[PDB]
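Asks: Dropping the structure in here first, questions after.
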Amino acid sequence: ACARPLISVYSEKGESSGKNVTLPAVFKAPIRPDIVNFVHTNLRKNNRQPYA
Amino acid sequence: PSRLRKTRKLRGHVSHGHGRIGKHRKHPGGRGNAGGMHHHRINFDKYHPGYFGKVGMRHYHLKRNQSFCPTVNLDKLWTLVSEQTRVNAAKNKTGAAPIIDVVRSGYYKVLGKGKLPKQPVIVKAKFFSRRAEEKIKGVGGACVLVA
Amino acid sequence: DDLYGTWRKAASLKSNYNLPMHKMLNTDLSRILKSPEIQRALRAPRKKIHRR
Amino acid sequence: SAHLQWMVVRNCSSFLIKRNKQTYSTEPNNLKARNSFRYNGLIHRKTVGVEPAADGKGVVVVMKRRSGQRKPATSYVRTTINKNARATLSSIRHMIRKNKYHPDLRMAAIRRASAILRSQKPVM
Amino acid sequence: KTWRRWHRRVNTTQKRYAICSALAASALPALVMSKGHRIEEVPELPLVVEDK
Amino acid sequence: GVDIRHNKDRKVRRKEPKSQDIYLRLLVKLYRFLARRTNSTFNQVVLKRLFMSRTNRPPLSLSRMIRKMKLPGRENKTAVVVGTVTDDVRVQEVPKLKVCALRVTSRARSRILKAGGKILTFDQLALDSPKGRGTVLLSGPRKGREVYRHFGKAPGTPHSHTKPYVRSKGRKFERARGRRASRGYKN
RNA sequence: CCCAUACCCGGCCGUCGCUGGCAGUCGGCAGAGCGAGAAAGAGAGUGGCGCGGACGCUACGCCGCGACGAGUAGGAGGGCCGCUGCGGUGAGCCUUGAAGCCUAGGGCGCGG
RNA sequence: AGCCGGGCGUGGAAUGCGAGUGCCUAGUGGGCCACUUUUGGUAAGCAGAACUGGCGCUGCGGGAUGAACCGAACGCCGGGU
RNA sequence: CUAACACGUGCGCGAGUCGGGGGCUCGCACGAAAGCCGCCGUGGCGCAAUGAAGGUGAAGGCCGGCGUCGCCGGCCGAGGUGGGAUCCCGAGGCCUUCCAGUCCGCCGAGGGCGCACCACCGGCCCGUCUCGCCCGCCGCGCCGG
RNA sequence: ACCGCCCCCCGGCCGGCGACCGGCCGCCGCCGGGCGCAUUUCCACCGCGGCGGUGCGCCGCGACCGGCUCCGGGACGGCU
RNA sequence: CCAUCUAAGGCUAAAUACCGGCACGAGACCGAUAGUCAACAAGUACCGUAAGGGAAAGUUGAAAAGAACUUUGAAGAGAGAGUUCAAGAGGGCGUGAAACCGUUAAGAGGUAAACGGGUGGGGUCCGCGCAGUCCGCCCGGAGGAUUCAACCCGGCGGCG
Ligand SMILES: [Mg+2]
Ligand SMILES: [Mg+2]
Ligand SMILES: [Mg+2]
Ligand SMILES: [Mg+2]
Ligand SMILES: [Mg+2]
Ligand SMILES: [Mg+2]
Ligand SMILES: [Mg+2]
Ligand SMILES: [Mg+2]
Ligand SMILES: [Mg+2]
Ligand SMILES: [Mg+2]
Ligand SMILES: [Mg+2]
Ligand SMILES: [Mg+2]
Ligand SMILES: [Mg+2]
Ligand SMILES: [Mg+2]
Ligand SMILES: [Mg+2]
Ligand SMILES: [Mg+2]
Ligand SMILES: [Mg+2]
Ligand SMILES: [Mg+2]
Ligand SMILES: [Mg+2]
Ligand SMILES: [Mg+2]
Ligand SMILES: [Mg+2]
Ligand SMILES: [Mg+2]
Ligand SMILES: [Mg+2]
């Protein structure tokens, strides 16, 4: 959906503060576990030291 | 990954997918491109004609930069400038024609392939083709040479 | 939303980036079946078993 | 939506346990404790759960409310029923049916309630 | 041998797509709970607190 | 004992997309239901083309789409393509179209929306027309890939205009023996 | 009169085909069908008490009909077969006893 | 000869059966046997061909025994023939 | 295992695409990661081919102006035949007291528009051959078209 | 200066609030407390009581029905 | 004709290289037949005239608390006793497999043994078997409850 609700900002006391911010458009992006898994797999290989 | 490869499924079959009569020996036919004219002649002639022999002249100190000459076509010619340029020229009434310089965008020769929209253009380039020239003249416009 | 841009606004902090386009918008399959305009153009559901 | 997250979670859940040619689902509001689209208690907007009471006797019925879908703290309403089995089952049946609240789980909820109740009765 | 292909490169657009998908999925209570996080008491899972 | 052969017993066609993404699979669910509970074969064709691979769903250009929709009789109908609609830059005038595709290039979408048409996705297409009346089913040029220039009757063989596999184009690369009557033979 | 792994009838496993069926779980807000030789509407309209009803549907699921099943070299698919390490996850297990090893004990899977 | 336009369906033998098409590709390139035809040879369980079927790659009933003969080809079982 | 190539498959973007090299990010548990560069796309591959090379370099179809038009305008626009999944139309046709009379939906002779793709016929670009005439000028030539 | 896009304010429409609600009213359901006071409601026990479902601790037998088979005994008729 | 340098003398840091050396950090690596040949008195023992070749070899226990003392024997070696959570950890001692061997128990035995199919017999253990299932809805009888329906108050939820 294209609806962007209003998200409240919670104070450090845990209760709702008066402020609130609209939901950023990023959270409506498509969910693709395929791409997420592919990018993780291939990137969690770039912090790897050689062995031989 | 080694998990998905054919070797894992091949364990236990003595042969390893290479036959019992003709084994997997080292280099049965010779290494590399050996026997191109003797015992691989049929394959070479059937799939790479013209491989053997010489043709043409030799140019020793070839410099690609001398012959560098990128080309553009008339259908792409209007994409060099912004759309607002073209629409302003289109609804202009004074008869003024926009100037398109392909050398600025990195093209040297203009070749005339596509259809050209009916509005005057001042195309300035380094080299032109006869058909591109006649297309520009027919649509109404000017051809300008630069060095 | 400045980092990743909205649907109609490009990302300001990145050179040229925009949110990936949705392949399907209304992903409520339950609705997409249970809506009148699609249920009208359907044949009767044959649901009686014919054993040997 | 719902089908989208179901496709996401059908095989990559922490509540999933698969062994002995079986598969089971663990999240709280899931009658029959099995991995299925109908009975998955976290996907749907309207969800029913039946749990044993915190006290040694009684049954807690949990109903997902309609407004706070993204507010987990205030998303479930819990009611404790501590009576005879027949009236407990009748109340659960009325709650499921006369509210038009996810009617496909009526028999599952009744079966689960009956069970919890028996468990609560002292052993022989 | 030490010259095995240890590292991999992924397209920048694909990396951004994966990041967007992860961010969008972090806002759904079902997926966060299925990840195992205990958030049944959290007032609102797109949890925002002030800059204090 | 039965005198039969089992070579061609099993058919090779696809039963489901090889892809693993979830949006395409949801589309496949919806169109599976539509195809099996509707007598219209447009749904069957669309579902079959959803199953297909990337190289079997070539992109369709804006120029192709406008050219195929400018034909007589097919005014104000929705152009349905299971591939990708890519922009064509060598076309200035673009009319208003009612397009449906899995994905559309950003520039192509901008062009259509500026021209005044509307972009549809196969979901909303189901809602608009379940059996798909008033639809023009198009597809990109499948033989457009350059791999098809290497296929067919082998080069170096008479009346075969097949592109050879050469690492570099030039006068020193496959031009001497089989390509000239002056050196050996000419095929 | 006798009998083969052949043929006929029946059960079970699997494969292939029907690119078969099921989103209709449409319930006091309802009315339980789309097996029936005949391409297509249980069509919409205007004038002469008792509160009640099993299972389902990991749709990568479930269900129904037919046909078929030899195999070296070789090809392909599925393995909730197995070994070691890594990222996640099991508010996992464990000195009230882990790994490993032995067993005339109880079982599962066609098999690993 | 090529073009256009128009009219004719009792789909013009029997029987059977879905068909067409495109890529990539392993192994193989020592064969042997049998009825019939057949060349060399005194002849051979010899050497060499044609057609078809087999063995090789194949278990099962029979020929006591058996690579090829006769019958018949194979998922695990019960009954009948 | 590395490199190269081919083809098939999955994903992102798409006439574009790709930071692999470098740089900016208080360097540094993870982090030797990750993010960013866009006037760092140099550059590679693709978007144009052909010829040994000098080089050249990819449609055209109708009316008014001198059919026995020189030649300017008005236009229209990237072929044609056959086969073609789908879609459009639709003669007729889908019921019940009768009768007038509708709405909506399904059926369907024939007829349309015809995707991809195949076959065939034309057309255009480069090399080469044969025939023949015409045109342009800053330098009228072993010139150019 | 002009054009395109975007953010914000105001005004007018369209749609959604089931990836995104508050108040009022109505209906329904549930829960807690009184009212209710036992021909109602509930809990536990007994009968070798009945109906329906699933099974028998082990070892057995019979009956009828249907499918597939092998065989026997009768009777009738046609070309002859 | 043009273009561009000024040879046959000299110096010069930075960006660059680094399986030796000193001092460090780390690892999707190996885990005592692996990883360096070398985890240990390893380039050691040992071989060759010499050039040179070149191993095997980790683990008691938390702590030696490492078994005082009696007894048989010449002694090795035992029986008692003792330490320990454990000697079922006793100085090449964690765990302790297979091949192979001794003994005990059971069974069998003239076509080498072994094997597939089908039964039968005997065993070790198991069912923690040995008067045989439970579940609704009724009917009848013996009981006992702070008891049902309907209303009122308050709260909550669903739908419009
Ligand atoms: Mg094999
Ligand atoms: Mg070979
Ligand atoms: Mg090789
Ligand atoms: Mg068979
Ligand atoms: Mg095959
Ligand atoms: Mg049978
Ligand atoms: Mg087989
Ligand atoms: Mg043993
Ligand atoms: Mg050979
Ligand atoms: Mg012979
Ligand atoms: Mg064969
Ligand atoms: Mg045979
Ligand atoms: Mg004999
Ligand atoms: Mg038999
Ligand atoms: Mg000098
Ligand atoms: Mg000098
Ligand atoms: Mg010097
Ligand atoms: Mg570090
Ligand atoms: Mg060891
Ligand atoms: Mg040891
Ligand atoms: Mg011990
Ligand atoms: Mg030991
Ligand atoms: Mg004995």
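Asks: Which stretch or stretches of the range F:27-44 have amide N atoms under 19 Å from the point lying 7 Å from D:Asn11's Cα along the Cα→Cβ direction?
Replies: F:27-30, by backbone N distance to the label point.
Asks: Checking the a/c ratio against 1.5 first, then a/b against b/c, what shape does the Cα gyration tensor give for chain A?
Replies: It is oblate, given that a/c is not under 1.5 and a/b is not larger than b/c.
Asks: For the range F:80-186, with the dipole built from +1 on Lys and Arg beta-carbon atoms and -1 on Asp and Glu ones, taken about the Cα centre, which of F:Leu113, F:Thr86, F:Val136 lies farthest toward the positive end?
Replies: Ranked along the dipole, the leading option is F:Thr86.
Asks: If you don't mind, another one. Run the helix sum for chain F: -39,500 (n - 2.57) per DSSP H stretch of 4+ residues, divided by residue count, reported at 222 nm to the nearest 500 deg cm²/dmol.
Replies: -8000 deg cm²/dmol
Asks: Looking at chain A, which trypsin sites (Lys or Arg not before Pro) are DSSP coil and have at most 11 other C-beta atoms within 10 Å of their C-beta?
Replies: Here the trypsin sites (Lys or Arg not before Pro) that fit, given the DSSP loop and packing criteria, are A:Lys13, A:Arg44, A:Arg48.
Asks: Right, here's the next one. Given 10 °C and 1.306 mPa s, how large is the Stokes-Einstein diffusion coefficient of the range E:8-47 in µm²/s, with Rh as the Kirkwood radius over Cα pairs?
Replies: After rounding, the answer is 137 µm²/s.
Asks: Provide the FRET efficiency to the nearest 0.05 for the F:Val12-F:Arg133 pair, computing r from the beta carbons and using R0 = 30 Å.
Replies: Efficiency, from the Cβ-Cβ distance: 0.35.
Asks: Given +1 on the Cβ of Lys and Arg, -1 on the Cβ of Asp and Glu, and no further charges, what dipole in debye does the protein assembly as shown carry about its Cα centre, rounded to the nearest 20?
Replies: Value, rounded to 20: 3480 debye.
Asks: Still on this structure, I have one more. Exactly which trypsin sites (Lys or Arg not before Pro) in the range C:6-48 are in a DSSP loop and have at most 14 other Cβ atoms within 10 Å?
Replies: C:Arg8, C:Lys9, C:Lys14, C:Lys34, C:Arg40, C:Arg43, C:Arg46, C:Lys47, C:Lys48
Asks: Can I ask one more? Test of understanding: express the Cα radius of gyration of the protein assembly as shown as a ratio to 2.2 N^0.38 Å, with N the residue count.
Replies: Dividing the Cα Rg of the protein assembly as shown by 2.2 N^0.38 Å gives 1.33.
Asks: Another question, then. Taking a temperature of 37 °C and a viscosity of 0.692 mPa s, what whole-number D in µm²/s does Stokes-Einstein yield for the range F:1-68 with Rh from Kirkwood over alpha carbon pairs?
Replies: Translational D for this selection: 223 µm²/s.
Asks: On a 0 to 90° scale, report how tilted helix B:130-139 is relative to the longest principal axis of chain B, with both axes built from alpha carbons and the result rounded to the nearest 10.
Replies: Its long axis makes an angle of about 40 degrees.
Asks: Please list the radius of gyration and Dmax for the range D:64-116, considering alpha-carbon atoms only, with Å as the unit.
Replies: 12.5, 36
Asks: Turning to a different aspect of this structure: Where the centroid of each part is defined by its Cα atoms, how far is the range E:7-50 from the range F:32-55 in Å?
Replies: 34
Asks: Is chain F rounded, prolate or oblate when judged by the Cα gyration tensor, a ≥ b ≥ c being the square roots of its eigenvalues, rounded requiring a/c under 1.5 and prolate requiring a/b larger than b/c?
Replies: The shape class here is oblate.
Asks: Out of the DSSP beta bridges found with both residues in the protein assembly as shown, what percent are antiparallel (nearest 5)?
Replies: Looking only at bridges with both residues in the protein assembly as shown, the antiparallel portion is about 40 percent.
Asks: For the Cα atoms of chain E, what angle does the longest principal axis make with the long axis of helix E:12-25, in degrees from 0 to 90, nearest 10?
Replies: 20
Asks: Can you give the FRET efficiency for D:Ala115 and B:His24, using 1/(1 + (r/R0)^6), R0 = 60 Å, r = Cβ-Cβ distance, to the nearest 0.05?
Replies: FRET efficiency, D:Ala115 to B:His24: 0.40.
Asks: How large are Rg and Dmax for chain C when calculated on the C-alpha trace, in angstrom?
Replies: For chain C, the Cα-based Rg and Dmax read 21.8, 68 Å.
Asks: Further question: Using a Förster distance of 51 angstrom, determine the FRET efficiency expected from the C-beta separation of D:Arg93 and F:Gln124, and round it to 0.05.
Replies: 0.80
Asks: From the mean inverse distance of alpha carbon pairs (Kirkwood) and the Cα radius of gyration, derive Rg over Rh for chain D.
Replies: Across chain D, the Cα-based Rg/Rh ratio is 0.98.
Asks: Same structure, new question: What nm distance separates the two modelled labels at B:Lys76 and D:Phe37, each placed 7 Å from Cα along Cα→Cβ?
Replies: 4.9
Asks: For labels at E:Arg5 and B:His39 in the simple 7 Å Cα→Cβ model, what's the distance in nm?
Replies: According to this spin-label approximation, the distance is 3.4 nm.
Asks: Then there is this: Once you have a ≥ b ≥ c as the square roots of the Cα gyration tensor eigenvalues for the range B:40-147, tell me rounded if a/c is under 1.5, and otherwise prolate or oblate according to whether a/b is larger than b/c.
Replies: Cα axes put the range B:40-147 in the prolate bin.
Asks: Now a separate question. Angle, helix A:33-43 long axis vs. longest principal axis of chain A, Cα atoms, 0 to 90°, nearest 10?
Replies: The angle comes out at about 50 degrees.
Asks: Can you work out the PRE-style zone for D:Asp55? Point 7 Å along Cα to Cβ, and I want the residues of the range D:104-124 with backbone N under 18 Å.
Replies: Hits in the range D:104-124 for D:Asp55 at 18 Å: D:116-122.
Asks: Show me, for the range D:37-47, the HN-Hα J-couplings you get by feeding each phi into the Karplus relation (A = 6.51, B = -1.76, C = 1.60, θ = phi - 60°), rounded to Hz, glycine and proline as x.
Replies: Rounded to whole hertz, the list is 5, 5, 8, 5, x, 10, 7, 6, 6, 10, 9.
Asks: Continuing with the same structure: Round to a whole angstrom and tell me the spacing of the C-alpha centers of the range C:2-30 and the range F:96-161.
Replies: Rounded to whole Å, the Cα centres lie 23 Å apart.
Asks: To continue, here is another question. Among the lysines, which have Cα under 19 Å from the Cα of B:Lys23 when same-chain residues fewer than 8 positions away are ignored?
Replies: B:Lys6
Asks: Treat each spin label as a single point 7 Å out from the Cα along the C-beta direction, and report the B:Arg104 to F:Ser168 distance in nm.
Replies: Roughly 3.7 nm, to one decimal.
Asks: Fully extended, how many nm does the chain gain between A:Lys13 and A:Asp34 (0.36 nm per residue separation, minus their Cα-Cα distance)?
Replies: Once the chain is fully extended between A:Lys13 and A:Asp34, it gains 3.6 nm.
Asks: Another question, if that's okay. Please state, rounded to one decimal and in Å, the Kirkwood hydrodynamic radius that the range F:86-179 gives when every pair of distinct Cα atoms enters the mean of 1/r.
Replies: 17.7
Asks: Going 7 Å from the Cα of F:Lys29 toward and past its Cβ, which residues in the range D:51-73 have a backbone nitrogen under 16 Å from where you end up?
Replies: In the range D:51-73, the label zone of F:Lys29 (backbone N under 16 Å from the point 7 Å along Cα→Cβ) covers no residue.
Asks: In whole Å, largest first, what are the principal axis extents of the Cα atoms in the range B:1-52?
Replies: Principal extents (largest minus smallest coordinate, Cα): 45, 28, 17 Å.
Asks: Return a whole-number percent for the relative contact order of chain F, with Cα pairs under 8 Å and 6 or more residues apart as the contact set.
Replies: 17 percent.
Asks: Separate question: I'd like the mean, over residues of F:170-177, of how many other protein chain beta carbons sit within 10 Å of each residue's own Cβ.
Replies: Counting Cβ atoms of other protein chains within 10 Å of each residue's Cβ and averaging gives 6.
Asks: How many partner chain Cβ atoms sit within 10 Å of a residue's Cβ in peptide F:13-26, on average, as a whole number?
Replies: 4
All of the numbers you see were taken from the coordinates with simple rules; none came from a lab. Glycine also receives a Cβ, built like all others from the backbone with ideal geometry; neighbour counts cover every protein chain displayed.
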